[PDB]
């Protein structure tokens, strides 16, 4: 039972740059009766199963771009991407298949890119939900970079923090931006207790906050 350790746990890089990852095994993965290192590298993109990149430590799987090269031997191995593509966003796992099957903890590859301002959209509760007694107010903050972003919910001018639920998407595989959804969930009666609903977003790309509002009117 061989243990596989990878470093760094995560890594950010701009498109077109080179990256190196490290995989170390606690026991040698070199077989004397074959002189082969039973070492493989997998790529797993969000929403997809692992994809074999390399085997025998340095043999590249058919169809894999030549920017992917693996090397090393014994207990020290390396994966290199000569020129990172935006689509290379993924987690990279090393793997040994000499004695049973074990995997490393993975190296998460993230993409650095130029700042991008968000597009903010606010949506009142649907009539379907109000009929059920609920009133969720939803704010979409789409296609921004970097991930850090502050959203503030204001009702009739006063801020509200209870009932706010936020969710971020993964980095986009093509433009490497982030999107966020912020949902303020009230009851129908609470919602009909006020009139002005505001999603106010603050991001590095501008000192002026982005204000999107609607009136229950």
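Numbering follows the first chain given and starts at 1.
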The stretch whose C-alpha atoms carry the larger average B-factor in the entry, 83 to 91 or 68 to 76, is 68 to 76
Higher avg CA temperature factor (95 to 103 vs 118 to 126, as deposited) belongs to 95 to 103
Of the residues 185, 27, 167, 43, the one whose Cα carries the largest B-factor in the deposited record is 27
Residue 57: CA temperature factor from the record, placed by chain third, in the middle
Of the three thirds of the chain ranked by Cα temperature factor, residue 176 occupies the middle
So, residue 163's CA B-factor, relative to its chain, sits in which third? The highest
So, residue 208's CA B-factor, relative to its chain, sits in which third? The highest
Entry-reported C-alpha B-factor of residue 157 relative to its chain, by third, is highest
